[PDB]
Amino acid sequence: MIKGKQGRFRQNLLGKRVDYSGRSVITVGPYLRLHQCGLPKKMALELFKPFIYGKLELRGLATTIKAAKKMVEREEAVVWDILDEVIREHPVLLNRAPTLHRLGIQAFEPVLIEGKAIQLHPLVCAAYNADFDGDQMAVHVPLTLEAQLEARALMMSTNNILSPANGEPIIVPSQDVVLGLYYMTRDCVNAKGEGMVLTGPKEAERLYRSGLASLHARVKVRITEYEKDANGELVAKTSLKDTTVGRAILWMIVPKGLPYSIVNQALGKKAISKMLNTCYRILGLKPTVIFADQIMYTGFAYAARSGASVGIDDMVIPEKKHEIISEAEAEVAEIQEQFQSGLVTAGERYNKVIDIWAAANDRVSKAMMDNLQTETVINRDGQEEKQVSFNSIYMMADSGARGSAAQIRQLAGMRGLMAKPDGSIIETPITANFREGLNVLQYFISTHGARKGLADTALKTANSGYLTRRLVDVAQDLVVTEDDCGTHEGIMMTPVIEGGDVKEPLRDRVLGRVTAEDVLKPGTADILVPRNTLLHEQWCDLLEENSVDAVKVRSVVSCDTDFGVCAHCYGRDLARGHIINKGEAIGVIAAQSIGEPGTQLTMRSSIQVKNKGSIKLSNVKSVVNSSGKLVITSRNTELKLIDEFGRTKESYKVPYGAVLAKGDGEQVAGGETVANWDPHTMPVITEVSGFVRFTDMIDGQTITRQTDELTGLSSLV
Amino acid sequence: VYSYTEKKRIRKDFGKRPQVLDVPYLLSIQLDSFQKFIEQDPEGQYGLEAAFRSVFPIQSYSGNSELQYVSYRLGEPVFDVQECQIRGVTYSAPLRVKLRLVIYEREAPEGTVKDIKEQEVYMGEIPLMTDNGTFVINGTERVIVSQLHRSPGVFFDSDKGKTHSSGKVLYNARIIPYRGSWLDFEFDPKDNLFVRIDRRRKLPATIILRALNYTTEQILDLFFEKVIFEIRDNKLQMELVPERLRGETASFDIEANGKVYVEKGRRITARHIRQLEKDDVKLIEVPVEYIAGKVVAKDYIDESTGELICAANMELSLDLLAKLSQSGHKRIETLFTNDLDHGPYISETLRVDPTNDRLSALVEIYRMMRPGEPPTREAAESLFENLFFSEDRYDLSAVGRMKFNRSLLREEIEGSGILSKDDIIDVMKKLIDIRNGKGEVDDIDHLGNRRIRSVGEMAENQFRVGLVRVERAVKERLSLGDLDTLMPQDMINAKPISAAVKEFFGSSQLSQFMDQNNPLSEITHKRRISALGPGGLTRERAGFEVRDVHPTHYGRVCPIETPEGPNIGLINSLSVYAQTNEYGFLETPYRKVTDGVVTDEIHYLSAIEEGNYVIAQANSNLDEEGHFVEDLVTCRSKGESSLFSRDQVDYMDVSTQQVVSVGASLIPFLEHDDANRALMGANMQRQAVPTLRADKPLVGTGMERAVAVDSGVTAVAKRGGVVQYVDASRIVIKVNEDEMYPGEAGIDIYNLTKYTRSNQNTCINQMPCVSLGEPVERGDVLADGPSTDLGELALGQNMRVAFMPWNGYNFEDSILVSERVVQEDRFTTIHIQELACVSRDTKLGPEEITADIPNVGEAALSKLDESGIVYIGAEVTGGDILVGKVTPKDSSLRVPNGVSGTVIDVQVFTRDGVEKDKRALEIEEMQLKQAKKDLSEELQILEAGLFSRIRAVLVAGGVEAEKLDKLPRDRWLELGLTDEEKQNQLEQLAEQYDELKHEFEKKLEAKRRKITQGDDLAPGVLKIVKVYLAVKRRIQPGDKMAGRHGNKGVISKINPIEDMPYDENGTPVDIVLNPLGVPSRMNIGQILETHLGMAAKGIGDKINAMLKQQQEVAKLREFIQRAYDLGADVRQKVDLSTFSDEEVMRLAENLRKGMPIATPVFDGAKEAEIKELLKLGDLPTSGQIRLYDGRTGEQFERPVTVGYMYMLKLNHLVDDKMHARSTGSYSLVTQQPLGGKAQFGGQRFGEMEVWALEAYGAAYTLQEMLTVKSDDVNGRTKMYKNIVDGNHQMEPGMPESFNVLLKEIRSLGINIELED
RNA sequence: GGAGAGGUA
Ligand SMILES: [Mg+2]
Ligand SMILES: [Zn+2]
């Protein structure tokens, strides 16, 4: 009765059923504000029944609870306005079943609807990871006053815009609005109403509505930027820019304090996300949310206007594909012949076959991509030109709305090679695309692969749930409970290097974490920052322009707080732009952040420097060989390429006993091989010149005279 | 070539491969299994007879007497199918067996008959199989899927270095009987050999070897070779076999014939053996050191002392050789061993063997099998013998023996059903050989190793195991004396067998409910092939290997159809053309390929046989002669594809569509979509709700009629004839003259199942699809069932679609729908709910259903009748009263909240011996009248048919048409006629007429008996009343409809038509999808479907326009002919000229709503032919047309794709889900809200949500939610009061469930409590 | 109330 899921602990004592609840399917209803959600009349009426009784008795329409129950039972017309009155400012909670992270449940204001489906503001769908393929949601209501205030002040949708896992926003215009905007901020080389001049975005809108100009054509227009470089003072400044009418129309929406350049590109998804991030970082919260609402409205309107449909004609197959494939096949034939005569072995035949197939597939992919993306050739009022294409598929792909290059490659080009169950790769690839029909065997193989994928997904989510459950259990007791523990130990955060380039610059590893010891600029003895300041963006910029290498930062692993951690040792909230507050349960949110993404994971010679700069070497225990080069005898020897300024730029592990052309502190040229070594055998490298004597080596019991017979040189083992 | 009925609507067809074999009868695999289960087989090797002959006879222990089997029989079913459905009892048959007790004479010698008696003892009732195959247990028709269990026999398996971390594989072998104890042999990491029985403790194998009365030397002789040394004048001149010299190194000087063949330190080259065999030398002088560490084969003893010098299996040493030499031993036999050829695996195990003799080995075996129980010299031997060699407790079926002999390269495919010494010896030999490298491990996922098993075998096994109990009972009875007066009735008991079979059928992990909201649902469900169940692996402990598609599934198991989620690769569906092997494997047809000609003759190949030959695939371009235009032909040789010569092939596929299931066979343009999305489309296709009136799909795959007719819904004529009279309820056909049998002419008649609830609360009924005087042909459709149209499947509706975003209303997958879809009302769906009410018998007396109840206004009572039962046809609403029931001291049933509808059927049942109220008597009388009138009409119709026949036979040889009508039919049979067989026929027909009279006269009484009788019931229940509500769910935003390409969506809004986009021509579209869906999830099939359907609709519209203004057939014939033309060498080749010039008119009428088009899945219509067909219409070949906005009215730039798509409305209704609860009931042991919509339960605030609330700073809300809103009684009572009093505050208290936990813990010896 | 089967996200 206690063990297992059915045990009281995990069944009735930790998770319970609850009154005052509802369940329904969800729809979009895009006309809503970001802070409110639709709600059926019936569910609304069912939930708030006690409040309805109270209001009825206050109005005196029912001097009892039984007559009141009767009245609500037959829902006289009065009851509906009473409901509307009660709902006025009463939030509710929406939840989706697999709630991984903190955002999986959120508060909302209700708006009554004559349906039976919970409308939902579309932007939050990304947060809920909620498709409209029939996903259901559950509704709760906060009864007591304190619950209502908690909801309004903490769980209101408008308060959760940055993922706790990282400062990245979480309200990115997901898939459709993004398409609309990208289509808006484009430019045909020669469209209706080109070259003219406008006296402001309003004229652009009027012109487009009258239809006298295309939605995107190059025009010079005067505008006014608002730069608040002064101390919270929005200085206006006018100019006469040259953009496309669509961009000008879009500019009407953006709030005051932003540079017009931010609205001057093709506006891919990344651009929109960055734009929102900057807008929040500058003009606080409310302008950002209202701007997002306007963004969504405009995006939907103009996406619908575009009428961007998909047709079979859009899948343009490259003309040269057949030739390429035929050539590859003929190539395969000769290799098969070489193996028929036995001149080559089977494994090498197999490997070369795979290699040439990959090469041909890559060629086909490149050819189709090129033939597609720039297909559009249009006279410019001169003779002829070309531009990026308006093929609906390419617009959808490049815009980032849906699908990477892989899917379009499969659609148009051959869909590569398929791997059989044991991980082996079939020698013959699938040479057919989906615009054409696959034959039996090809489809069979693809089906095998797809089933593998599906089964992997199922088992992966199953295990990930258990992992995260374990994770939260171990770190649920930890709560920040102090302001400062008063220490000086920390850790040297440095940009990550993987032999190759900077995998992650330092600026993002230390962003928003108080320092332990003040950094000194490379004007050494130059106190660049205090030792206990928060590294918000401006100071990060200071560091970057000073090219700092590593920083002593206060971690959490060493905080001297008992049964908790002082605020400074932790750092910024990362859920809002300021230090953590006192009391937060950081452990739980950290566990959730770590566990949520688990589902997306998968379950199952010589040194060639490439830059001109100074060479430096660390852990060097080396000698000069006969050729004058340098031979190393330490293992963890490390080679750095530093730039002229003196900041490390590249790093590589030096294998033991490797020959090196340079010494230390020389100058290298881009593409200069600097080191070499044998990766196979282990020598007995010496240090100094002289005779070698076979001391304590007698043939018969210590050594054997296994002299080489192929060549005839002395050899004893 | 085209049937008259077929000419109503003939689907234009694409595809070029000439079909060579029509699809077989889909429901074959079921009726045959059950058919074989129950039959009188003289061979006694099928079903009941085999079991009876096996268990019987039975001999007493003495045995002074025995009881033997003779024969059996099945009585008539007591009730018909419909009656069993109505009451809700099983549709079974009595079983009656004639058993024969014999008695010998005790004092007389063994074998004599003192006396003998016999009788036909009843035993058990066996449920029967309906015509369709389904069973009826309690009017709850279910279905039994087939299992896919690994076959009995032997298997050499290997663990692939997954244990001991040593990288060393460990080959094991398993023997699995069909009924008995398993057996396993395993290789220790230390090269030992271990027997294991039924997963019990491990054991050295040589023990069980000794169990067969096998000694050391016998075993060694069996398992190794000899090397003979000769003590001679000069130090062991040993005989040698040159063949033993591969893979060694000369350690000394090997010299003979005065020739140093090789020296020490040299490896034994092949040429060394060449020179050796050339010199033909046999004996080599060998140094004594060669025998340093050898082992003796047998024991050697001193002849004089009789004392063993060296017992067998003993190492070799110099002094031992001296003892042999003084003992005069000349021949010294030792074991020929090796490290790569012959490891001494037996010797090690023998050294491990603690036992040496038979008795001790058996004793320790007994101890292992049964811990404790100090054995006896007889217990172990009895145990072992009855265990592994008594047929009654151990059995390899014929399949097992065949497979076993097969694996061991034997010749006989038949043998005994038990084991033998040689069997085990050969098994172990083969295992050792595999260890040495020869022979290879055998996989498990090979289709050649797993076997299907249908119902019959399982039922037979259950019958046998039930029989065993009564067998034991009778045996213990006969062991007792007092046999002079026994009978074969008292010792036999029916209850054990009845229980044994009933429990299995009614309640088993394989007899499951039937999904019935489609014909397709029923079909695909019946063909299911599960891998779970008894003897099958478990859902939640399956690795990837099982779920993965083995290469052998090709053509035998549909790979693309599977229920995703918790169980994939386990619920596999059968492929279309698959058959079942005689044994139970899966066979598939293949066209025999001769030298260079593709014959039409076919052979059904099993999985194993396929691995040998070479098979070219279906779409290989031959030209009228099986001469492949190509030379490097693609063929699956053996678990892989390749390109082979034009002559080496041996077989060709039958049809492109032999790889898929029937379920996936219906998706057009399948060859373009992704795999998983096609799977999703299929699974959703399985869940379509029948609409109000079906509509053919404009673009079928041609598999529609097969599925429709093969399913049981539609009434298909059996013998062509003529409609003599039609009605909404029944049909009658005058049979064709020829199809008619010589005697008993009669005429065909059908009755139609009207509205009846399906398994999913969806009404089902049939409608005639013919008029009077319509000739019909054998096997043609007559009555359309649910979601069918003119005898072809039709699930959803085809509608005008356009691909574009629209104000975000189709943001993710939401589907925007215009208002015409609902106004024209082409998606409403009917549903039927059944509600029951009982009259228990409790203390304070029973309760009743009186029409009078307390504290209720007459308003509610207005709808009930005097009895207390609502009138039929009343239109009740949510929260009404259906039957008034009283509190014996108001339990009146009420309509569930929210549900509206109309009452259509009431029924009542009473315990026998109880008076019946007014309404019950009324209904009884009404049924009486109904049955009487029904049978009267039937009888007179049949008599009319008979007299029509009698008139027909008198039209020749004395026809007087006047005399026929002068005196009426009453006196016709007696008329004179020339003397011939005609008089015999007249007598025959008159006899049949009188027989019909008598049959009706008795059947009427039978039905009267069935009606008037009382009703059995469960104890306590006095009577039960059932009522049927009918509802029409129309549509709402929230519902879930979908297309066929796994492109599901939730309807979101109902715009008025005026806002919808409309073309320049004025037709507005009806659905707006989201283009963004396609690219990510690659399913172009929908786009191609849209184009093709648009073309078809254009053609239909052109025809309709031509018809609107009157146009003579001259134009119609031309245009239709040309339309049916324009195929790329299609095989349709339909000719219009041959038509009656009025069937032309009717066909045009049937086509004015489009021209149906067919598309085989992998023989689809490419782009060019679609383009040409479109251009036949005046539509833009590009497919995309310009549009105009409803609101603004302005044109959309960027021409848009529009067309027509076939879409289904799935069975997930928004009304079924939307649910709420403010404050309701409470669980009993724990005081929390109940769960589930059935009860008025509430939602479950799960653990993860608690975590999430913790992540926010929200604390109060969590506390309240899990303290006062759920658990703390006083807290919620006072909270209710506070809320009523407009004061939002709460008092936490303590959860009750915590006190529950506290008491529970304290129930254990743990003292737990709260401090201060 | 508990078991088992099936099904949806
Ligand atoms: Mg979903
Ligand atoms: Zn600290």
# chains A, B, ... in the order shown; residues from 1 in each chain; ligands from 1
>>> residues_near_ligand(ligand="ligand 2", cutoff="7 Å", atoms="only C-alpha atoms (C1' of nucleotides) and all ligand atoms", output="PyMOL selection string")
chain A and resi 484-487+556+558-561+565-569
>>> select_by_dssp(residues="region 967-1168 of chain B", states="strand (DSSP E or B)", output="PyMOL selection string")
chain B and resi 1015+1023-1033+1040-1043+1049-1055+1062+1068+1071-1073+1157-1158
>>> write_last_selection(atoms="N, CA and C atoms", output="compact mmCIF listing (two decimals), in the first residue's frame")
# COMPACT_ATOMS: atom_id res chain seq x y z
N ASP B 1015 -37.87 -14.28 -18.18
CA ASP B 1015 -36.48 -13.90 -18.38
C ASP B 1015 -35.66 -14.28 -17.17
N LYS B 1023 -36.53 -6.64 -11.98
CA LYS B 1023 -36.77 -6.36 -13.38
C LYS B 1023 -35.80 -5.29 -13.85
N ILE B 1024 -35.63 -5.20 -15.17
CA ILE B 1024 -34.74 -4.24 -15.81
C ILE B 1024 -35.46 -3.62 -16.99
N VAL B 1025 -35.31 -2.31 -17.13
CA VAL B 1025 -35.90 -1.55 -18.23
C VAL B 1025 -34.78 -0.82 -18.94
N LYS B 1026 -34.77 -0.91 -20.27
CA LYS B 1026 -33.75 -0.27 -21.10
C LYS B 1026 -34.43 0.68 -22.07
N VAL B 1027 -33.78 1.81 -22.33
CA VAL B 1027 -34.31 2.85 -23.18
C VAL B 1027 -33.20 3.34 -24.10
N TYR B 1028 -33.58 3.68 -25.33
CA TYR B 1028 -32.63 4.05 -26.37
C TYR B 1028 -32.88 5.48 -26.79
N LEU B 1029 -31.87 6.33 -26.60
CA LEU B 1029 -31.90 7.70 -27.07
C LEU B 1029 -31.12 7.81 -28.37
N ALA B 1030 -31.65 8.61 -29.29
CA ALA B 1030 -31.00 8.92 -30.55
C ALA B 1030 -30.67 10.40 -30.58
N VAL B 1031 -29.45 10.72 -31.02
CA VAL B 1031 -28.96 12.09 -31.07
C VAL B 1031 -28.27 12.31 -32.41
N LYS B 1032 -28.14 13.58 -32.78
CA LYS B 1032 -27.47 13.99 -34.02
C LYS B 1032 -26.41 15.02 -33.66
N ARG B 1033 -25.17 14.56 -33.54
CA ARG B 1033 -24.07 15.49 -33.36
C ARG B 1033 -23.74 16.12 -34.71
N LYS B 1040 -12.45 17.24 -34.63
CA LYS B 1040 -11.20 16.80 -35.24
C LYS B 1040 -11.53 16.03 -36.52
N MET B 1041 -11.33 16.68 -37.66
CA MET B 1041 -11.42 16.04 -38.96
C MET B 1041 -10.02 15.97 -39.56
N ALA B 1042 -9.88 15.18 -40.62
CA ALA B 1042 -8.55 14.97 -41.19
C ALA B 1042 -8.63 14.48 -42.62
N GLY B 1043 -7.57 14.76 -43.38
CA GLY B 1043 -7.38 14.16 -44.68
C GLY B 1043 -6.69 12.81 -44.57
N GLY B 1049 -6.26 17.85 -38.26
CA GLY B 1049 -6.43 19.19 -37.76
C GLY B 1049 -7.71 19.30 -36.97
N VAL B 1050 -7.81 20.37 -36.21
CA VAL B 1050 -8.98 20.66 -35.39
C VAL B 1050 -9.71 21.82 -36.05
N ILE B 1051 -10.98 21.61 -36.38
CA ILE B 1051 -11.79 22.71 -36.89
C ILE B 1051 -11.78 23.82 -35.87
N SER B 1052 -11.76 25.06 -36.35
CA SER B 1052 -11.56 26.20 -35.48
C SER B 1052 -12.67 27.24 -35.55
N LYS B 1053 -13.30 27.44 -36.69
CA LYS B 1053 -14.28 28.50 -36.82
C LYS B 1053 -15.18 28.19 -38.00
N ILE B 1054 -16.36 28.81 -38.00
CA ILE B 1054 -17.34 28.65 -39.06
C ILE B 1054 -17.60 30.05 -39.63
N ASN B 1055 -16.85 30.42 -40.63
CA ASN B 1055 -17.10 31.72 -41.23
C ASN B 1055 -18.39 31.69 -42.03
N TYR B 1062 -13.32 33.54 -52.90
CA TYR B 1062 -14.08 33.08 -54.05
C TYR B 1062 -13.30 33.38 -55.32
N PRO B 1068 -17.30 29.98 -54.10
CA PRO B 1068 -16.37 30.11 -52.98
C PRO B 1068 -15.87 28.75 -52.50
N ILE B 1071 -12.93 25.05 -47.53
CA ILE B 1071 -11.98 24.75 -46.47
C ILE B 1071 -10.67 25.45 -46.79
N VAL B 1072 -10.02 25.96 -45.74
CA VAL B 1072 -8.73 26.62 -45.90
C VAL B 1072 -7.70 25.94 -45.01
N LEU B 1073 -6.78 25.21 -45.63
CA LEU B 1073 -5.70 24.56 -44.89
C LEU B 1073 -4.52 25.52 -44.77
N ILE B 1157 -11.96 8.20 -60.34
CA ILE B 1157 -10.64 7.86 -60.86
C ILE B 1157 -9.98 6.88 -59.91
N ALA B 1158 -9.28 5.90 -60.47
CA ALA B 1158 -8.61 4.86 -59.73
C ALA B 1158 -7.10 5.10 -59.78
>>> residues_near_ligand(ligand="ligand 1", cutoff="9 Å", atoms="only C-alpha atoms (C1' of nucleotides) and all ligand atoms", output="JSON, numbers by chain")
{"A": [129, 130, 131, 132, 133, 134, 135, 136], "C": [9]}
>>> write_last_selection(atoms="C-alpha atoms (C1' of nucleotides)", output="PDB file, in the first residue's frame")
ATOM      1  CA  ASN A 129       4.802  23.110 -27.073  1.00  0.00           C
ATOM      2  CA  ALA A 130       1.144  22.577 -27.897  1.00  0.00           C
ATOM      3  CA  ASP A 131       0.055  21.583 -31.373  1.00  0.00           C
ATOM      4  CA  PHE A 132      -3.578  21.922 -32.400  1.00  0.00           C
ATOM      5  CA  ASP A 133      -3.794  18.294 -33.533  1.00  0.00           C
ATOM      6  CA  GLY A 134      -6.228  17.577 -30.706  1.00  0.00           C
ATOM      7  CA  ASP A 135      -4.129  18.308 -27.641  1.00  0.00           C
ATOM      8  CA  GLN A 136      -6.267  18.850 -24.544  1.00  0.00           C
TER       9      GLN A 136
ATOM     10  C1'   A C   9      -1.848  13.642 -27.003  1.00  0.00           C
TER      11        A C   9
END
>>> interface_residues(of="chain C", to="chain B", cutoff="10 Å", atoms="only C-alpha atoms (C1' of nucleotides)", output="count of residues only")
6
>>> atom_distance(atom1="CA of residue 655 (chain B)", atom2="CA of residue 322 (chain A)")
27.9 Å
>>> atom_distance(atom1="CA of residue 511 (chain A)", atom2="CA of residue 535 (chain A)")
5.8 Å
>>> residues_around(residues="region 7-17 of chain A", least_positions_apart="2", cutoff="8 Å", atoms="only C-alpha atoms (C1' of nucleotides)", output="VMD selection string")
(chain A and resid 1 to 5 19) or (chain B and resid 1230 1232 to 1235 1242 to 1247 1250 1266 1270 1297 to 1298 1301)
>>> write_last_selection(atoms="C-alpha atoms", output="PDB file, in the first residue's frame")
ATOM      1  CA  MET A   1       0.000   0.000   0.000  1.00  0.00           C
ATOM      2  CA  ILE A   2       3.055   2.293   0.284  1.00  0.00           C
ATOM      3  CA  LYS A   3       5.515   1.196  -2.399  1.00  0.00           C
ATOM      4  CA  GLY A   4       5.363   1.864  -6.114  1.00  0.00           C
ATOM      5  CA  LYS A   5       3.332   4.472  -7.967  1.00  0.00           C
ATOM      6  CA  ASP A  19     -12.243  20.114  -7.238  1.00  0.00           C
TER       7      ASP A  19
ATOM      8  CA  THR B1230      -9.370   8.768   0.919  1.00  0.00           C
ATOM      9  CA  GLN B1232     -10.515  13.332  -2.545  1.00  0.00           C
ATOM     10  CA  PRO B1233     -12.599  14.115  -5.639  1.00  0.00           C
ATOM     11  CA  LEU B1234     -13.383  11.109  -7.784  1.00  0.00           C
ATOM     12  CA  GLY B1235     -11.813  10.701 -11.205  1.00  0.00           C
ATOM     13  CA  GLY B1242     -12.331  16.255 -11.074  1.00  0.00           C
ATOM     14  CA  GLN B1243      -8.910  16.632 -12.632  1.00  0.00           C
ATOM     15  CA  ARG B1244      -5.650  15.324 -11.161  1.00  0.00           C
ATOM     16  CA  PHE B1245      -3.108  17.947 -10.107  1.00  0.00           C
ATOM     17  CA  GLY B1246      -0.104  15.784 -10.821  1.00  0.00           C
ATOM     18  CA  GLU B1247       3.341  15.729  -9.286  1.00  0.00           C
ATOM     19  CA  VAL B1250       3.465  20.565  -8.064  1.00  0.00           C
ATOM     20  CA  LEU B1266      -3.664  20.381  -2.099  1.00  0.00           C
ATOM     21  CA  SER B1270      -9.237  18.400  -2.159  1.00  0.00           C
ATOM     22  CA  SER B1297      -4.725  11.002   3.782  1.00  0.00           C
ATOM     23  CA  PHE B1298      -1.726  11.757   5.974  1.00  0.00           C
ATOM     24  CA  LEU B1301      -0.711   6.848   6.109  1.00  0.00           C
TER      25      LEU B1301
END
>>> residues_around(residues="residue 313 (chain B)", least_positions_apart="6", cutoff="7 Å", atoms="only C-alpha atoms (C1' of nucleotides)", output="count of residues only")
4
>>> closest_residue(among="A:697, A:87, A:93, A:661", to="residue 624 (chain A)", atoms="only C-alpha atoms")
A:661
>>> residues_around(residues="residue 218 (chain A)", least_positions_apart="2", cutoff="9 Å", atoms="only C-alpha atoms (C1' of nucleotides)", output="list in words")
residues 187, 188, 189, 190, 191, 193, 194, 195, 196, 216, 220, 242, 243, 244 and 245 of chain A
>>> closest_residue(among="A:68, A:445, A:467, A:25", to="chain C", atoms="only C-alpha atoms (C1' of nucleotides)")
A:25
>>> select_by_dssp(residues="region 442-498 of chain A", states="alpha helix (DSSP H)", output="ChimeraX atom specification")
/A:442-474
>>> residues_around(residues="region 142-156 of chain A", least_positions_apart="4", cutoff="8 Å", atoms="only C-alpha atoms (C1' of nucleotides)", output="VMD selection string")
(chain A and resid 35 90 to 93 106 to 108 160) or (chain B and resid 1256 to 1258 1260 to 1261 1288 to 1290)
>>> write_last_selection(atoms="C-alpha atoms", output="PDB file, in the first residue's frame")
ATOM      1  CA  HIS A  35      -3.002  38.270 -21.325  1.00  0.00           C
ATOM      2  CA  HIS A  90     -10.662  36.736 -11.754  1.00  0.00           C
ATOM      3  CA  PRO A  91      -7.649  34.883 -13.219  1.00  0.00           C
ATOM      4  CA  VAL A  92      -7.518  31.150 -13.905  1.00  0.00           C
ATOM      5  CA  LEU A  93      -4.763  28.617 -14.584  1.00  0.00           C
ATOM      6  CA  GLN A 106       0.307  29.718 -16.713  1.00  0.00           C
ATOM      7  CA  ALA A 107      -2.334  32.123 -15.474  1.00  0.00           C
ATOM      8  CA  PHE A 108      -4.728  34.025 -17.724  1.00  0.00           C
ATOM      9  CA  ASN A 160       7.034  35.216 -18.329  1.00  0.00           C
TER      10      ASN A 160
ATOM     11  CA  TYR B1256       7.405  29.928  -9.306  1.00  0.00           C
ATOM     12  CA  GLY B1257       7.306  31.668  -5.965  1.00  0.00           C
ATOM     13  CA  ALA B1258       3.661  30.631  -5.754  1.00  0.00           C
ATOM     14  CA  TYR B1260      -0.294  29.973  -1.013  1.00  0.00           C
ATOM     15  CA  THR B1261      -2.039  28.676  -4.116  1.00  0.00           C
ATOM     16  CA  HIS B1288     -12.421  34.530   0.861  1.00  0.00           C
ATOM     17  CA  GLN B1289     -10.416  32.839   3.622  1.00  0.00           C
ATOM     18  CA  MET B1290      -9.438  29.301   4.573  1.00  0.00           C
TER      19      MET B1290
END
>>> residues_around(residues="residue 552 (chain B)", least_positions_apart="6", cutoff="12 Å", atoms="only C-alpha atoms (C1' of nucleotides)", output="list in words")
residues 444 of chain A; 443, 444, 445, 446, 447, 448, 449, 450, 558, 559, 586, 587, 588, 606, 607, 608, 609, 610, 611, 636, 637, 638, 639, 640 and 659 of chain B
